[PDB]
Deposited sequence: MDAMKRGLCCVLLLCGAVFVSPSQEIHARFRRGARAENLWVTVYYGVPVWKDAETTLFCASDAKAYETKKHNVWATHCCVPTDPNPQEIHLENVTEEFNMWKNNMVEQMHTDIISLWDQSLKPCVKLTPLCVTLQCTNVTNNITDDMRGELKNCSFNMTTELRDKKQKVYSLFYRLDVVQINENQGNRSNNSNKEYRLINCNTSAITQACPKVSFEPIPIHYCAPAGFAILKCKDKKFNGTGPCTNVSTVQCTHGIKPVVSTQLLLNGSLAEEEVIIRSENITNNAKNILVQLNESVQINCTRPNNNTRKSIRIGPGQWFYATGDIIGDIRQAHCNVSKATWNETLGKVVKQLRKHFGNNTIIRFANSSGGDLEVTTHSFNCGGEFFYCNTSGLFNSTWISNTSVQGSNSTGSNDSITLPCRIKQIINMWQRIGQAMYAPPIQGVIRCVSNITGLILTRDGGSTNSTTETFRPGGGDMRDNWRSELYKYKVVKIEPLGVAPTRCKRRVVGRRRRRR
């Protein structure tokens, strides 16, 4: 004598792939007035990021199959591309350039690094000149710009800022985001300390390779995470327990040369350099880096053996985007060496200076059909960033050895977001229960 009864408001949910909305706090769009992030992720949030603890709930998480990562990746690309649509197309610059070397008060570390180029710019022609970095100019003393034969170069608009601000992803009604609070969670499998939230904690969409800057830190220990740690085709994301401070600069005091190339269409060229010309560079504390790397090794040996030799080595060959520390400082684009950071063998005066290159024609997101030109920044650039995680890869062939080699590397971008979104899962709420079984009318 059992009967169907219907219950609405039942605490049941299912894994789901949906569209999350992007939100920011109420000050971000008052201060960062022309910032794309604040402008578009305009929904106010975080008055209180209140969690609901789920007593006795075990939930399975998987950071490498997380749709939140794929959505963020797409949202970042889409916004970036939309932001450049109304910007000046630098097609008048695809002419033969005549260049000479800048030899004026230059250091020995930059001979041949800067070039002084001139050309005939669009019934009228005007001879103009500007400075370019070696990386953007290819010989054909006749030269042309890189990415002038395969794609158009779009000048980034100087009125819009891309400076990262925290971004919160928020569930639409009918959905919820679950968090894994287990400390020392390795990105996969069951999590027993779980809570429910409306939005994520706020992730800054910082773009870098090899070293991950301005992210969150591990609570107790360095955490090594990978899809398959015994493979070689997978990257290892290392989340640090403490941040490492890195101080970067572009010491040259630059000027800006504004050239009109059409009806309100302006091109911004590097004008000249005030004072001595010196190499861009980044510093880290030597002592801090040494301790930090030692912590990484201690938590890495657990997967390789405590009698296994762990050595670090620098990157393999390839384009600068993957072989160097791709990094954005002050709005300028840096490509730092890093070989001074990953050069040691671990067996069971106070700083490191990394030289950096500067490049103005940038091919973002590993695409090749588009190129962006970064307008010069006047004055001197200095920034201080926090290294919060590393991306390492492992050499194969170790079967015939007692030593493993780890190298910095990886430029897929998704990994820079997997490192922050690893603790979140999206679930659909299914409030209607049909038949717990109890009574007749």
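Stretches of the deposited sequence absent from the structure, as judged by C-alpha coordinates, are 1 to 37, 160 to 163, 182 to 193, 402 to 413, 507 to 516.
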